[PDB]
Amino acid sequence: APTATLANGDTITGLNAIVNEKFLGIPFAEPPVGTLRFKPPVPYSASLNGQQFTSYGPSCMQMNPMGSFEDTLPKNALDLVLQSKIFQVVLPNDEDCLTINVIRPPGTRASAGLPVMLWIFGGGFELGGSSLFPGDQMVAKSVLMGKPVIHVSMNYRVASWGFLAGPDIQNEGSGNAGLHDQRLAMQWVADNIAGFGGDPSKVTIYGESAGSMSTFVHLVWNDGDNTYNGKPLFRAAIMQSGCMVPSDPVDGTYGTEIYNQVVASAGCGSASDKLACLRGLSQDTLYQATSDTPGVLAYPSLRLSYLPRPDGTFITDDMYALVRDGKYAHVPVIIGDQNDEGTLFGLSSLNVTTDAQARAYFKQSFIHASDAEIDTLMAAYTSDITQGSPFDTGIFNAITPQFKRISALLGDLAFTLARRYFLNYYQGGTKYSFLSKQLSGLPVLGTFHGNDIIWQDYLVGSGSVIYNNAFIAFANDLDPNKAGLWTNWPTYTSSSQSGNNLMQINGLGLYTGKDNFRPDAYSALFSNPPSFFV
Ligand SMILES: *[C@@H]1O[C@H](CO)[C@@H](O[C@@H]2O[C@H](CO)[C@@H](O)[C@H](O)[C@H]2NC(C)=O)[C@H](O)[C@H]1NC(C)=O
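Cut-offs and rules
Residues numbered from 1 in each chain as written, not as in the entry; some residues may be left out. Heavy atoms only, no water. UniProt positions renumbered as here; feature names shortened; annotations may be inferred. 1 Å grid on protein atoms, 1.4 Å probe; cavity = no way out; pocket = protein on both sides within 12 Å on 5 of 7 lines; lining within 4 Å. Contact = heavy atoms within 4.5 Å. Patch = residues over 30% accessible without salt bridge, like charges linked within 9 Å, V, L, I, M, F, W, Y side chains within 5 Å. Areas by Shrake-Rupley, 256 points an atom, 1.4 Å probe, with all protein chains shown as cover. Salt bridge = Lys/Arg side-chain N within 4 Å of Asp/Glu carboxyl O. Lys, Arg positive; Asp, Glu negative; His and termini not counted. Charge placed at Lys NZ, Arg CZ, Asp CG, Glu CD. Helix = DSSP H or I, 4+ residues; strand = E, 2+ residues; numbered from the N terminus. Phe/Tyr/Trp six-rings, centres within 6.5 Å; stacked < 30°, edge-to-face > 60°. Buried < 20%, exposed > 50% of the residue type's maximum accessible area, 1.4 Å probe, protein only. Polar contact = N/O pair within 3.5 Å; in protein donor to acceptor, adjacent residues only side chain to side chain.

Asker: Kindly report on the UniProt feature "active site" in the protein chain, identifying the contributing residues and their values.
Answerer: Per the UniProt record, "active site" is annotated on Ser209, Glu341 and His449. Spanning 241 residues, the named residues nonetheless gather at one spot, since no C-alpha pair among them exceeds 9.5 Å. Considering only the residues just annotated, the largest cavity is lined by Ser209. Those residues within four positions of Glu341 in sequence are excluded, and the remaining contacts are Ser241, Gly411, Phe415, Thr416, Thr447 and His449.

Below you can see the structure in the form of structure tokens.
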């Protein structure tokens, strides 16, 4: 059986998985139960010497997405979404869920000093677990190309458990509990990965969707000071769909609103100390109360009930202002998107069919946007179906007269155009950006949000050369071109720089393009980012 040593020298036993070695379910924090609910994680101090870690531990409590894909999608599109496992609750789950897992090449010794790819799963900040989105394919490919890496994944609290907000949470300084979980795991890696054969100074953090936004957050965490024990917690970052979270502070309007609902539904409305009452709830009651707020696939959609919010200390301010003001770590980065990020989410408002309904929907989703700003917005994103997402599909995929429009808007604000704003202001290091169109032609969704997960962890596709090969090269040499791809990946400086600045993917292979599309939408959304925060 494979073995490894921890920071204090304790020895643990792993699992020989034939194609790789795994150390699963390692506790990195005291169970965030009872009194510790909503609070940052406390490091685990009990000795693990002589123990075995051959199985995943449970995921953190999961919030039902409240969506319905197998009711609106045709077979081929549905099959791919299911294969990606995106937005699917992970079982079993429990509040005692803060474990970390390590996957390494077989025969890896403590002296290997391999680069470490620290993965942050994405599940809309309301569900998900480290057990899904397997790193096996990444590791196998790193070995095949002679640039072996160690894959690390951690669970972090989601929904109310990890992102409860409101005035009480803020006054206590407990905003963004789930992000703290991720932060502690990163510190855990700094202190323990060497004993598994990894090099703590070669950590590349990466994530998809909520995990990509989390990765970005880690760049601006504590205003860009990512040092721990005197050393950077990571040397690079990869963002697969998402960066800045367009959100108001912890004690803002919607955070307080969602909090009041949880408190009321849990039977704590008459408590003199609301937080203490919530902390004294059975696991089931807190779960039920949480189930009484909207899930990610429900009508409010990307107006998430739970998501990272500026707290003033760890995420000190409006995340868009953080990047403009340079409060970030200086590391090279890769950040890309799937051509049609918003299709999955647009499926949550198929009852919005008229221009008037669309306007009403945007107004309720963006409580800070004036009528004038909404006008400009609806002029940038028209009802002309040929201009919506799936992009460049003409009259096709218009399941409703507004689906392609709403999809385009939501995908751009949450992912694609937000990325351009990040790239335009970020000067922390060399930047590389990609835009996938690998699934062009796929009815209804197109190259949808999360499809990269399939080609990164389950199947080999044209995009795999990027999600695997290029990413591994980046984690190894801080340059995706060391992957030896037959198409050079140009560096990105600004959305108006000369020539092609995006590595792109089609059904067969690679090519490059320009990040110059939908400019009026970019200006309509970001002339004042806060007007479109949730
Ligand atoms: C589309 O359907 C959603 C889901 O039912 C509607 O949202 C609900 O509307 C009712 C009545 O207006 C509210 O009491 C609920 O709180 C809403 N639920 C959610 C998920 O927020 C929405 O109004 C419909 N939109 C249109 C254009 O008809």
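Asker: How would you sum up a negative patch on the surface? Please name residues and give values.
Answerer: On the surface, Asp223, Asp225, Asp317 and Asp325 cluster together into a negatively charged patch. The topology assignment puts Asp317 in the loop between α9 (283-290) and α10 (319-324).

Asker: Describe the packing of aromatic side chains, with residues and values.
Answerer: Enumeration according to the criterion identifies 29 aromatic pairs in this entry. Ring plane angle 15 degrees and centroid distance 4.1 Å describe the contact between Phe121 and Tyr156, whose orientation is recorded as stacked. A residue pair is termed long-range when its members are at least 10 positions apart, and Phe121 in the loop between β6 (114-120) and α2 (136-144) and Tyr156 in the loop between β7 (150-154) and α3 (159-163) qualify at 35 residues. With respect to burial, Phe121 and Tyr156 carry one shared label: buried. Ring geometry for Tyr299 and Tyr361: centres 4.9 Å apart, planes at 50 degrees, overall tilted. Here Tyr361 lies in helix α12 (residues 355-365) and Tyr299 lies in the loop between α9 and α10, a separation of 62 residues in the sequence. Judged by relative accessible area, which is 30%, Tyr299 ranks as partly exposed. According to the relative accessible area criterion, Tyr361 is buried, its value standing at 2%. A connected cluster of aromatic rings, assembled from ring pairs, spans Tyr320, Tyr421, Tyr425, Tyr522, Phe526 and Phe533.

Asker: Lay out the environment of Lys404 in plain terms, naming residues and giving numbers.
Answerer: One can find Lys404 in helix α14 (residues 403-425). Classification of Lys404 by relative accessible area gives buried; the value is 2%. Considered as a pair, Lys404 and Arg37 are 367 residues apart in the sequence and their alpha carbons are 40 Å apart. Contact partners of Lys404, with chain neighbours within four places excluded, come to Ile385, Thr386, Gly388, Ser389, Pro390, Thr393, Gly394, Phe396, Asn397 and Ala398. Within the structure, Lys404 has its side chain in polar contact with the side chain of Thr393 (distance 2.8 Å). Engagement of the side chain of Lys404 in a polar contact is seen with the backbone oxygen of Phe396, the distance being 2.8 Å.

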